Amino acid sequence: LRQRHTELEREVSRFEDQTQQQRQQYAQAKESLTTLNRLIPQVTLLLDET
Amino acid sequence: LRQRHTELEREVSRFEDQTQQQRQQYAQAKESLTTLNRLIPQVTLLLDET
Amino acid sequence: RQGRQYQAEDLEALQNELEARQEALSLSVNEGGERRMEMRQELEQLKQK
Amino acid sequence: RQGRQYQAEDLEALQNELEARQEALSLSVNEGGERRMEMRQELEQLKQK
């Protein structure tokens, strides 16, 4: 059971690392998407590269 | 523990409902924001009410 | 559809308001589900017990 | 800021992909949370044992 506890702590660390990395990365993706859909939600089409 | 099950079912129903409503209204407001910044992301400036 | 005329003449600020709402969306859901999800596990545990 | 010159000529696909990645945000965060808390409950059971 102590070996199980050690492996469980390892698994906690793995889950926390995965959750951190994914949440940060996709939060910055959220920010980028917000910037696109705010400043240029097809405002490029209004520009149309005319 | 079966009484605890009853209380747990009560809590589950409450949270399920609350989440359903809140997500519905917030998603509708989000879709409203998207409609704004899609149909009129300051496109009213190009309209300009001339 | 939301608001009834609700200052559509110059609505800019409302969008920023909605951003706050949008934020409160994720929070309001991220907590909620987890809570029920929490009890789900506990419920299972209780059942097992 | 994101990408260095990143299909600015026609970027809508990228907005769509980022929406998909936000769906992935929600899925991944919820899955990680539920798994880690269930295995925390397993930790508690092992502790009592």
# chains A, B, ... in the order shown; residues from 1 in each chain; ligands from 1

$ residues_around --residues "range 42-46 of chain A" --least-positions-apart "4" --cutoff "9 Å" --atoms "only C-alpha atoms" --output "number ranges by chain"
A: 36-37, 50; B: 38, 41, 43, 46; D: 8-12

$ select_by_dssp --residues "chain D" --states "alpha helix (DSSP H)" --output "ChimeraX atom specification"
/D:12-48

$ write_last_selection --atoms "C-alpha atoms" --output "PDB file, in the first residue's frame"
ATOM      1  CA  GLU D  12     -11.266  32.040 -40.478  1.00  0.00           C
ATOM      2  CA  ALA D  13     -10.165  28.398 -40.408  1.00  0.00           C
ATOM      3  CA  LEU D  14      -7.799  29.295 -37.577  1.00  0.00           C
ATOM      4  CA  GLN D  15     -10.582  30.868 -35.522  1.00  0.00           C
ATOM      5  CA  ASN D  16     -12.598  27.689 -36.045  1.00  0.00           C
ATOM      6  CA  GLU D  17      -9.651  25.521 -34.981  1.00  0.00           C
ATOM      7  CA  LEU D  18      -9.144  27.640 -31.864  1.00  0.00           C
ATOM      8  CA  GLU D  19     -12.829  27.219 -31.013  1.00  0.00           C
ATOM      9  CA  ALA D  20     -12.259  23.473 -31.301  1.00  0.00           C
ATOM     10  CA  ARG D  21      -9.205  23.812 -29.061  1.00  0.00           C
ATOM     11  CA  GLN D  22     -11.331  25.650 -26.485  1.00  0.00           C
ATOM     12  CA  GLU D  23     -13.759  22.742 -26.552  1.00  0.00           C
ATOM     13  CA  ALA D  24     -10.627  20.673 -25.922  1.00  0.00           C
ATOM     14  CA  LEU D  25      -9.820  23.006 -23.016  1.00  0.00           C
ATOM     15  CA  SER D  26     -13.144  22.225 -21.385  1.00  0.00           C
ATOM     16  CA  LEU D  27     -12.956  18.485 -22.048  1.00  0.00           C
ATOM     17  CA  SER D  28      -9.363  18.103 -20.867  1.00  0.00           C
ATOM     18  CA  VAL D  29      -9.762  20.210 -17.727  1.00  0.00           C
ATOM     19  CA  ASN D  30     -12.929  18.385 -16.667  1.00  0.00           C
ATOM     20  CA  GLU D  31     -11.386  14.975 -17.364  1.00  0.00           C
ATOM     21  CA  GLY D  32      -8.208  15.781 -15.460  1.00  0.00           C
ATOM     22  CA  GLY D  33     -10.130  17.131 -12.491  1.00  0.00           C
ATOM     23  CA  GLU D  34     -12.478  14.167 -12.243  1.00  0.00           C
ATOM     24  CA  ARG D  35      -9.689  11.612 -12.631  1.00  0.00           C
ATOM     25  CA  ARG D  36      -7.415  13.282 -10.096  1.00  0.00           C
ATOM     26  CA  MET D  37     -10.148  13.653  -7.486  1.00  0.00           C
ATOM     27  CA  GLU D  38     -11.342  10.059  -7.941  1.00  0.00           C
ATOM     28  CA  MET D  39      -7.783   8.850  -7.446  1.00  0.00           C
ATOM     29  CA  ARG D  40      -7.525  11.188  -4.436  1.00  0.00           C
ATOM     30  CA  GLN D  41     -10.513   9.337  -2.983  1.00  0.00           C
ATOM     31  CA  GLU D  42      -8.664   6.110  -3.762  1.00  0.00           C
ATOM     32  CA  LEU D  43      -5.700   7.604  -1.892  1.00  0.00           C
ATOM     33  CA  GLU D  44      -7.961   8.271   1.086  1.00  0.00           C
ATOM     34  CA  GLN D  45      -9.216   4.682   1.018  1.00  0.00           C
ATOM     35  CA  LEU D  46      -5.640   3.400   0.878  1.00  0.00           C
ATOM     36  CA  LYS D  47      -4.733   5.694   3.771  1.00  0.00           C
ATOM     37  CA  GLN D  48      -7.510   4.302   5.950  1.00  0.00           C
TER      38      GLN D  48
END

$ calpha_fit_and_write --fixed "chain D" --moving "chain C" --output "PDB file with N, CA and C atoms, in the first residue's frame"
ATOM      1  N   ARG C   1       2.299  35.931 -31.850  1.00  0.00           N
ATOM      2  CA  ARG C   1       2.072  35.340 -30.535  1.00  0.00           C
ATOM      3  C   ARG C   1       1.638  33.883 -30.641  1.00  0.00           C
ATOM      4  N   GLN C   2       0.736  33.573 -31.568  1.00  0.00           N
ATOM      5  CA  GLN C   2       0.498  32.199 -31.980  1.00  0.00           C
ATOM      6  C   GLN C   2       0.365  32.179 -33.492  1.00  0.00           C
ATOM      7  N   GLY C   3       1.077  31.244 -34.114  1.00  0.00           N
ATOM      8  CA  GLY C   3       1.440  31.403 -35.506  1.00  0.00           C
ATOM      9  C   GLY C   3       2.451  32.526 -35.601  1.00  0.00           C
ATOM     10  N   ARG C   4       3.218  32.589 -36.687  1.00  0.00           N
ATOM     11  CA  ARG C   4       4.255  33.601 -36.820  1.00  0.00           C
ATOM     12  C   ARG C   4       3.930  34.654 -37.868  1.00  0.00           C
ATOM     13  N   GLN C   5       3.345  34.266 -38.999  1.00  0.00           N
ATOM     14  CA  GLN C   5       2.563  35.200 -39.796  1.00  0.00           C
ATOM     15  C   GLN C   5       1.208  34.547 -40.027  1.00  0.00           C
ATOM     16  N   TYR C   6       1.243  33.238 -40.267  1.00  0.00           N
ATOM     17  CA  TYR C   6       0.096  32.339 -40.169  1.00  0.00           C
ATOM     18  C   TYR C   6      -1.150  32.943 -40.823  1.00  0.00           C
ATOM     19  N   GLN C   7      -0.995  33.230 -42.118  1.00  0.00           N
ATOM     20  CA  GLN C   7      -2.100  33.649 -42.987  1.00  0.00           C
ATOM     21  C   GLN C   7      -2.993  34.698 -42.327  1.00  0.00           C
ATOM     22  N   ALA C   8      -2.380  35.674 -41.654  1.00  0.00           N
ATOM     23  CA  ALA C   8      -3.153  36.761 -41.064  1.00  0.00           C
ATOM     24  C   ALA C   8      -3.903  37.572 -42.113  1.00  0.00           C
ATOM     25  N   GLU C   9      -3.495  37.489 -43.383  1.00  0.00           N
ATOM     26  CA  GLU C   9      -4.161  38.264 -44.427  1.00  0.00           C
ATOM     27  C   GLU C   9      -5.648  37.947 -44.494  1.00  0.00           C
ATOM     28  N   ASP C  10      -6.016  36.678 -44.331  1.00  0.00           N
ATOM     29  CA  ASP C  10      -7.416  36.298 -44.189  1.00  0.00           C
ATOM     30  C   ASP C  10      -7.502  35.096 -43.257  1.00  0.00           C
ATOM     31  N   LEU C  11      -7.696  35.362 -41.967  1.00  0.00           N
ATOM     32  CA  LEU C  11      -7.492  34.369 -40.921  1.00  0.00           C
ATOM     33  C   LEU C  11      -8.781  33.688 -40.477  1.00  0.00           C
ATOM     34  N   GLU C  12      -9.905  33.970 -41.140  1.00  0.00           N
ATOM     35  CA  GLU C  12     -11.209  33.525 -40.656  1.00  0.00           C
ATOM     36  C   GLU C  12     -11.176  32.073 -40.191  1.00  0.00           C
ATOM     37  N   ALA C  13     -10.758  31.164 -41.075  1.00  0.00           N
ATOM     38  CA  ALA C  13     -10.856  29.740 -40.772  1.00  0.00           C
ATOM     39  C   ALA C  13     -10.207  29.399 -39.439  1.00  0.00           C
ATOM     40  N   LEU C  14      -9.061  30.014 -39.132  1.00  0.00           N
ATOM     41  CA  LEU C  14      -8.356  29.666 -37.904  1.00  0.00           C
ATOM     42  C   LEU C  14      -9.255  29.795 -36.686  1.00  0.00           C
ATOM     43  N   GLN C  15     -10.105  30.823 -36.647  1.00  0.00           N
ATOM     44  CA  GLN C  15     -10.989  30.980 -35.499  1.00  0.00           C
ATOM     45  C   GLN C  15     -11.817  29.721 -35.285  1.00  0.00           C
ATOM     46  N   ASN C  16     -12.422  29.200 -36.354  1.00  0.00           N
ATOM     47  CA  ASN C  16     -13.171  27.957 -36.224  1.00  0.00           C
ATOM     48  C   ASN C  16     -12.276  26.837 -35.720  1.00  0.00           C
ATOM     49  N   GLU C  17     -11.049  26.749 -36.233  1.00  0.00           N
ATOM     50  CA  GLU C  17     -10.110  25.771 -35.699  1.00  0.00           C
ATOM     51  C   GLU C  17      -9.991  25.929 -34.191  1.00  0.00           C
ATOM     52  N   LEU C  18      -9.797  27.168 -33.732  1.00  0.00           N
ATOM     53  CA  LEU C  18      -9.650  27.405 -32.302  1.00  0.00           C
ATOM     54  C   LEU C  18     -10.869  26.907 -31.541  1.00  0.00           C
ATOM     55  N   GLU C  19     -12.061  27.034 -32.132  1.00  0.00           N
ATOM     56  CA  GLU C  19     -13.246  26.519 -31.460  1.00  0.00           C
ATOM     57  C   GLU C  19     -13.058  25.054 -31.098  1.00  0.00           C
ATOM     58  N   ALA C  20     -12.622  24.238 -32.061  1.00  0.00           N
ATOM     59  CA  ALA C  20     -12.333  22.846 -31.745  1.00  0.00           C
ATOM     60  C   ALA C  20     -11.347  22.762 -30.591  1.00  0.00           C
ATOM     61  N   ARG C  21     -10.246  23.512 -30.681  1.00  0.00           N
ATOM     62  CA  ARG C  21      -9.300  23.566 -29.573  1.00  0.00           C
ATOM     63  C   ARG C  21     -10.022  23.911 -28.281  1.00  0.00           C
ATOM     64  N   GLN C  22     -10.832  24.972 -28.309  1.00  0.00           N
ATOM     65  CA  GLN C  22     -11.577  25.352 -27.117  1.00  0.00           C
ATOM     66  C   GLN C  22     -12.362  24.168 -26.577  1.00  0.00           C
ATOM     67  N   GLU C  23     -13.074  23.457 -27.452  1.00  0.00           N
ATOM     68  CA  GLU C  23     -13.804  22.285 -26.990  1.00  0.00           C
ATOM     69  C   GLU C  23     -12.854  21.303 -26.321  1.00  0.00           C
ATOM     70  N   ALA C  24     -11.762  20.956 -27.006  1.00  0.00           N
ATOM     71  CA  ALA C  24     -10.819  19.998 -26.447  1.00  0.00           C
ATOM     72  C   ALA C  24     -10.261  20.485 -25.120  1.00  0.00           C
ATOM     73  N   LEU C  25     -10.294  21.797 -24.876  1.00  0.00           N
ATOM     74  CA  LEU C  25      -9.924  22.301 -23.560  1.00  0.00           C
ATOM     75  C   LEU C  25     -10.784  21.649 -22.488  1.00  0.00           C
ATOM     76  N   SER C  26     -12.096  21.888 -22.542  1.00  0.00           N
ATOM     77  CA  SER C  26     -12.965  21.432 -21.463  1.00  0.00           C
ATOM     78  C   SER C  26     -12.810  19.935 -21.250  1.00  0.00           C
ATOM     79  N   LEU C  27     -13.016  19.154 -22.311  1.00  0.00           N
ATOM     80  CA  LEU C  27     -12.746  17.726 -22.235  1.00  0.00           C
ATOM     81  C   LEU C  27     -11.402  17.476 -21.567  1.00  0.00           C
ATOM     82  N   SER C  28     -10.331  18.002 -22.165  1.00  0.00           N
ATOM     83  CA  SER C  28      -8.989  17.678 -21.700  1.00  0.00           C
ATOM     84  C   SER C  28      -8.828  17.986 -20.220  1.00  0.00           C
ATOM     85  N   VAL C  29      -9.543  18.993 -19.716  1.00  0.00           N
ATOM     86  CA  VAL C  29      -9.448  19.296 -18.293  1.00  0.00           C
ATOM     87  C   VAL C  29     -10.465  18.479 -17.508  1.00  0.00           C
ATOM     88  N   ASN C  30     -11.709  18.431 -17.990  1.00  0.00           N
ATOM     89  CA  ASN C  30     -12.772  17.791 -17.222  1.00  0.00           C
ATOM     90  C   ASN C  30     -12.382  16.369 -16.850  1.00  0.00           C
ATOM     91  N   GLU C  31     -11.805  15.639 -17.799  1.00  0.00           N
ATOM     92  CA  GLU C  31     -11.282  14.313 -17.514  1.00  0.00           C
ATOM     93  C   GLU C  31     -10.144  14.416 -16.507  1.00  0.00           C
ATOM     94  N   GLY C  32      -9.085  15.131 -16.882  1.00  0.00           N
ATOM     95  CA  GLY C  32      -7.863  15.162 -16.104  1.00  0.00           C
ATOM     96  C   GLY C  32      -8.102  15.342 -14.622  1.00  0.00           C
ATOM     97  N   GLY C  33      -8.630  16.504 -14.239  1.00  0.00           N
ATOM     98  CA  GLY C  33      -8.902  16.746 -12.832  1.00  0.00           C
ATOM     99  C   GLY C  33      -9.644  15.592 -12.195  1.00  0.00           C
ATOM    100  N   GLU C  34     -10.750  15.175 -12.814  1.00  0.00           N
ATOM    101  CA  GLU C  34     -11.536  14.087 -12.249  1.00  0.00           C
ATOM    102  C   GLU C  34     -10.632  12.916 -11.899  1.00  0.00           C
ATOM    103  N   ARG C  35      -9.812  12.487 -12.858  1.00  0.00           N
ATOM    104  CA  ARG C  35      -8.902  11.378 -12.610  1.00  0.00           C
ATOM    105  C   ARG C  35      -8.109  11.601 -11.329  1.00  0.00           C
ATOM    106  N   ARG C  36      -7.347  12.695 -11.256  1.00  0.00           N
ATOM    107  CA  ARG C  36      -6.599  12.940 -10.029  1.00  0.00           C
ATOM    108  C   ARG C  36      -7.557  13.010  -8.852  1.00  0.00           C
ATOM    109  N   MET C  37      -8.647  13.760  -9.015  1.00  0.00           N
ATOM    110  CA  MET C  37      -9.671  13.819  -7.983  1.00  0.00           C
ATOM    111  C   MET C  37     -10.096  12.418  -7.579  1.00  0.00           C
ATOM    112  N   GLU C  38     -10.365  11.558  -8.563  1.00  0.00           N
ATOM    113  CA  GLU C  38     -10.700  10.177  -8.245  1.00  0.00           C
ATOM    114  C   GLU C  38      -9.676   9.596  -7.281  1.00  0.00           C
ATOM    115  N   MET C  39      -8.412   9.540  -7.709  1.00  0.00           N
ATOM    116  CA  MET C  39      -7.399   8.948  -6.848  1.00  0.00           C
ATOM    117  C   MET C  39      -7.334   9.648  -5.500  1.00  0.00           C
ATOM    118  N   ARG C  40      -7.565  10.964  -5.457  1.00  0.00           N
ATOM    119  CA  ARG C  40      -7.576  11.644  -4.167  1.00  0.00           C
ATOM    120  C   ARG C  40      -8.458  10.878  -3.193  1.00  0.00           C
ATOM    121  N   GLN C  41      -9.727  10.691  -3.560  1.00  0.00           N
ATOM    122  CA  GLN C  41     -10.623   9.922  -2.709  1.00  0.00           C
ATOM    123  C   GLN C  41     -10.008   8.568  -2.394  1.00  0.00           C
ATOM    124  N   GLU C  42      -9.604   7.837  -3.434  1.00  0.00           N
ATOM    125  CA  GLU C  42      -8.990   6.535  -3.218  1.00  0.00           C
ATOM    126  C   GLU C  42      -7.796   6.667  -2.287  1.00  0.00           C
ATOM    127  N   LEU C  43      -6.943   7.661  -2.538  1.00  0.00           N
ATOM    128  CA  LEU C  43      -5.799   7.876  -1.667  1.00  0.00           C
ATOM    129  C   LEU C  43      -6.263   7.993  -0.226  1.00  0.00           C
ATOM    130  N   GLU C  44      -7.225   8.884   0.021  1.00  0.00           N
ATOM    131  CA  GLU C  44      -7.770   9.009   1.365  1.00  0.00           C
ATOM    132  C   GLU C  44      -8.214   7.648   1.872  1.00  0.00           C
ATOM    133  N   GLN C  45      -9.021   6.946   1.073  1.00  0.00           N
ATOM    134  CA  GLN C  45      -9.464   5.618   1.467  1.00  0.00           C
ATOM    135  C   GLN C  45      -8.267   4.761   1.837  1.00  0.00           C
ATOM    136  N   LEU C  46      -7.286   4.686   0.936  1.00  0.00           N
ATOM    137  CA  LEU C  46      -6.100   3.894   1.220  1.00  0.00           C
ATOM    138  C   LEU C  46      -5.505   4.308   2.555  1.00  0.00           C
ATOM    139  N   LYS C  47      -5.289   5.614   2.741  1.00  0.00           N
ATOM    140  CA  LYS C  47      -4.737   6.084   4.004  1.00  0.00           C
ATOM    141  C   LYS C  47      -5.568   5.557   5.160  1.00  0.00           C
ATOM    142  N   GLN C  48      -6.883   5.779   5.102  1.00  0.00           N
ATOM    143  CA  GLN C  48      -7.750   5.301   6.168  1.00  0.00           C
ATOM    144  C   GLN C  48      -7.512   3.822   6.410  1.00  0.00           C
ATOM    145  N   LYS C  49      -7.547   3.026   5.339  1.00  0.00           N
ATOM    146  CA  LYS C  49      -7.325   1.596   5.496  1.00  0.00           C
ATOM    147  C   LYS C  49      -6.021   1.350   6.234  1.00  0.00           C
TER     148      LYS C  49
END

$ interface_residues --of "chain A" --to "chain C" --cutoff "12 Å" --atoms "only C-alpha atoms" --output "list in words"
residues 27, 30, 31, 34 and 38 of chain A

$ atom_distance --atom1 "CA of residue 49 in chain B" --atom2 "CA of residue 49 in chain A"
24.1 Å

$ calpha_fit_and_write --fixed "chain B" --moving "chain A" --output "PDB file with C-alpha atoms, in the first residue's frame"
ATOM      1  CA  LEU A   1     -26.111   7.490   5.630  1.00  0.00           C
ATOM      2  CA  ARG A   2     -29.213   6.738   3.555  1.00  0.00           C
ATOM      3  CA  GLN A   3     -30.569  10.160   4.508  1.00  0.00           C
ATOM      4  CA  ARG A   4     -27.200  11.579   3.463  1.00  0.00           C
ATOM      5  CA  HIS A   5     -27.509   9.730   0.148  1.00  0.00           C
ATOM      6  CA  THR A   6     -30.987  11.158  -0.402  1.00  0.00           C
ATOM      7  CA  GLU A   7     -29.753  14.682   0.300  1.00  0.00           C
ATOM      8  CA  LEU A   8     -26.753  14.053  -1.954  1.00  0.00           C
ATOM      9  CA  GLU A   9     -29.061  13.035  -4.799  1.00  0.00           C
ATOM     10  CA  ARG A  10     -31.042  16.217  -4.189  1.00  0.00           C
ATOM     11  CA  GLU A  11     -27.766  18.142  -4.426  1.00  0.00           C
ATOM     12  CA  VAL A  12     -26.856  16.333  -7.660  1.00  0.00           C
ATOM     13  CA  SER A  13     -30.193  17.410  -9.094  1.00  0.00           C
ATOM     14  CA  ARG A  14     -29.604  20.998  -7.971  1.00  0.00           C
ATOM     15  CA  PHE A  15     -26.116  21.094  -9.495  1.00  0.00           C
ATOM     16  CA  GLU A  16     -27.355  19.600 -12.761  1.00  0.00           C
ATOM     17  CA  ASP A  17     -30.205  22.111 -12.986  1.00  0.00           C
ATOM     18  CA  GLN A  18     -27.860  25.027 -12.323  1.00  0.00           C
ATOM     19  CA  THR A  19     -25.257  23.766 -14.793  1.00  0.00           C
ATOM     20  CA  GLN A  20     -27.824  23.169 -17.525  1.00  0.00           C
ATOM     21  CA  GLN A  21     -29.558  26.517 -17.128  1.00  0.00           C
ATOM     22  CA  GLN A  22     -26.322  28.510 -17.007  1.00  0.00           C
ATOM     23  CA  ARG A  23     -24.634  26.640 -19.862  1.00  0.00           C
ATOM     24  CA  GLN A  24     -27.606  26.939 -22.205  1.00  0.00           C
ATOM     25  CA  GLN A  25     -28.336  30.593 -21.403  1.00  0.00           C
ATOM     26  CA  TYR A  26     -24.714  31.652 -21.762  1.00  0.00           C
ATOM     27  CA  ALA A  27     -24.351  29.579 -24.949  1.00  0.00           C
ATOM     28  CA  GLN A  28     -27.202  31.544 -26.514  1.00  0.00           C
ATOM     29  CA  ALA A  29     -25.471  34.674 -25.226  1.00  0.00           C
ATOM     30  CA  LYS A  30     -22.345  33.406 -27.000  1.00  0.00           C
ATOM     31  CA  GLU A  31     -24.318  33.039 -30.227  1.00  0.00           C
ATOM     32  CA  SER A  32     -25.751  36.551 -29.909  1.00  0.00           C
ATOM     33  CA  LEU A  33     -22.315  38.035 -29.216  1.00  0.00           C
ATOM     34  CA  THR A  34     -20.882  36.184 -32.209  1.00  0.00           C
ATOM     35  CA  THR A  35     -23.644  37.568 -34.423  1.00  0.00           C
ATOM     36  CA  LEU A  36     -22.940  41.088 -33.170  1.00  0.00           C
ATOM     37  CA  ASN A  37     -19.157  40.868 -33.538  1.00  0.00           C
ATOM     38  CA  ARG A  38     -19.532  39.267 -36.990  1.00  0.00           C
ATOM     39  CA  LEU A  39     -22.278  41.259 -38.713  1.00  0.00           C
ATOM     40  CA  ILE A  40     -21.756  44.519 -36.804  1.00  0.00           C
ATOM     41  CA  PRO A  41     -18.398  44.638 -35.001  1.00  0.00           C
ATOM     42  CA  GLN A  42     -18.623  48.437 -35.116  1.00  0.00           C
ATOM     43  CA  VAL A  43     -19.982  48.194 -38.645  1.00  0.00           C
ATOM     44  CA  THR A  44     -22.495  50.522 -37.017  1.00  0.00           C
ATOM     45  CA  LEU A  45     -19.604  52.973 -36.643  1.00  0.00           C
ATOM     46  CA  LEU A  46     -18.900  52.535 -40.351  1.00  0.00           C
ATOM     47  CA  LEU A  47     -22.573  53.404 -40.747  1.00  0.00           C
ATOM     48  CA  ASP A  48     -21.920  56.041 -38.054  1.00  0.00           C
ATOM     49  CA  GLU A  49     -25.630  56.924 -38.188  1.00  0.00           C
ATOM     50  CA  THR A  50     -24.341  59.393 -40.758  1.00  0.00           C
TER      51      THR A  50
END
